[PDB]
Structure formats: structure tokens, C-alpha cells
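# Fold and contact review
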Amino acid sequence: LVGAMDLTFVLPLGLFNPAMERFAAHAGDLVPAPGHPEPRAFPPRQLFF
Amino acid sequence: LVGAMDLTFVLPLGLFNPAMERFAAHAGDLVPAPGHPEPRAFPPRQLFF
Amino acid sequence: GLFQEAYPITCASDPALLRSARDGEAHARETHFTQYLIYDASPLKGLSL
């Protein structure tokens, strides 16, 4: 009576936001150090979990 | 004794905000990436629900 | 049949601006520059639907 489960999962990697959805919920939201490029604005290649 | 309903729903598509009503609740509320055209300003052609 | 009225849904012209609804009516931003949101008045208003 002790069972088991099988659950797949689906993770997208390199996908890319639609057009309306590229923004930042505040202006200063996530800020790199002044005089550095934003790593956030590049097309994402990774996943975390 | 199990019934039914008919409800009709109205969705506007292409309307446009009046003069007083075009604004943003703050300065940076939704800010596109630095140096990019902001679709938030355009007239909407779509909906979502 | 009686009232000749239709009931509007929860709706918005930005996906970004729709998410502000699912918290609840209170936090919804009705307008951004042009993009806007409509919040439903229905007999279904308070149900899980």
C-alpha cells in the first residue's frame, strides 16, 4: 500500500519573451554596478531550479 | 432541478483612453529596457483574458 | 431577456497589466499610458470562476 509516482517535467531553456512582456516592474529594479553592462538584457541561455 | 445559465460578455478591443486618463501611476512603473521603444504608449490593438 | 445588458469580464490590454488583477481588485492598475484594464461585474463575480 506504499505506492509510487511518475511525474514528467518541462523546462524551457533559450526561449525569448514576447514583445509586450519585456520590461522591468520598476525603473531601478535590478541595477548593475555603475559603469558595467547589464547581463540581464542579453538573450537568456540558462535555467535555475 | 439542475439548471442552466446564459450570460453574455462584452469585451472591447481597440478603444483609446481619454485625455485625463492617459498616465502612469508612477514614473518607472513598467519601464522597457534602456534604449528601447515602449509599446505601452501605443494604441492597443489586442486584449487578454 | 429582461435587462438587455451584458456583463463585462476581467480583461486588460497588457498581459503585464492583467497580472495586477489576479491579486485582487484592489491592486489592479486600471490604466497605464494607453493600455488599460477592465474588471468584471457579473453574477459570477465572487465565485471561483
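Above this text you will find the structure in question.
Residues numbered from 1 in each chain as written, not as in the entry; some residues may be left out. Chains lettered and ligands numbered in written order. Part of a larger assembly, values for the part shown. Heavy atoms only, no water.

### Examining the overall build of chain C
Secondary structure summary: chain C contains 1 helix and 2 strands in total. Listed by position from the N terminus, the elements making up chain C come as β-α-β. Based on the C-alpha atoms only, the size of chain C along its principal axes is roughly 35 × 25 × 15 Å. Across the 49 residues that make up chain C, the buried fraction comes to 37%. Counting contacts in chain C only where the partners sit at least 6 residues apart, residues at least 24 apart contribute 42% of the total. Here chain C has roughly 3000 Å² of accessible surface; of this, 55% comes from carbon and sulfur atoms. If you average the places of the 4 positive and of the 6 negative side-chain charges in chain C, the two averages end up 8 Å apart. (Helix = DSSP H or I, 4+ residues; strand = E, 2+ residues; numbered from the N terminus. Buried < 20%, exposed > 50% of the residue type's maximum accessible area, 1.4 Å probe, protein only. Contact = heavy atoms within 4.5 Å. Areas by Shrake-Rupley, 256 points an atom, 1.4 Å probe, with all protein chains shown as cover. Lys, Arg positive; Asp, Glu negative; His and termini not counted. Charge placed at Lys NZ, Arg CZ, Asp CG, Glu CD.)

### Focus on the overall build of chain A
Helix and strand counts for chain A stand at 0 helices and 0 strands. A principal-axis box enclosing the C-alpha atoms of chain A has dimensions of 60 × 25 × 20 Å. By the burial criterion, 2% of the 49 residues in chain A qualify as buried.

### Things to note about the environment of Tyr39 of chain C
Residue and element names in this part refer to chain C. Its location among the elements puts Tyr39 in the segment after β2 (37-38). The exposure class assigned to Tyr39 is partly exposed, which follows from its relative accessible area of 35%. Sequence spacing of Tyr39 and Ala28 is 11 residues, and the spatial spacing of their C-alpha atoms is 8.7 Å. Every residue in contact with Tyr39, bar those within four places of it in the chain, is listed here: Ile9, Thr10, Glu25 and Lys45.

### Digging into the environment of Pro44 of chain A
Residue and element names in this part refer to chain A. On the accessibility criterion, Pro44 (43% relative accessible area) is partly exposed. Sequence spacing of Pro44 and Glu21 is 23 residues, and the spatial spacing of their C-alpha atoms is 14 Å. Setting aside chain neighbours within four positions, we find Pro44 in contact with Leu13, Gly14 and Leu15.

### Some words on unusual backbone geometry
Phi at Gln4 of chain C is positive, roughly 55°, even though this residue is not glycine. By the element assignment, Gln4 of chain C lies in the segment before β1 (11-12).

### Points about the interface of chain C and chain B
Facing the 24 residues of chain C at the interface are 27 residues of chain B. With both chains or domains summed, chain C and chain B bury close to 2300 Å², and 63% of this area falls on carbon and sulfur atoms. In this structure, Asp29 of chain B and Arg29 of chain C form a salt bridge, with 2.8 Å as the shortest nitrogen-oxygen distance. Put simply, chain C and chain B have 12 residue pairs in polar contact between them. Among the elements that make up the side of chain C that touches chain B, the one with the highest residue count is helix α1 (residues 15-22) of chain C (3 residues). Residue classes in the side of chain C that touches chain B are distributed as 14 nonpolar, 7 polar and 3 charged. (Buried area = accessible area lost by both parts, 1.4 Å probe. Salt bridge = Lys/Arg side-chain N within 4 Å of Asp/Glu carboxyl O. Polar contact = N/O pair within 3.5 Å; in protein donor to acceptor, adjacent residues only side chain to side chain. Nonpolar A, V, L, I, M, F, W, Y, C, P; charged D, E, K, R; others polar.)

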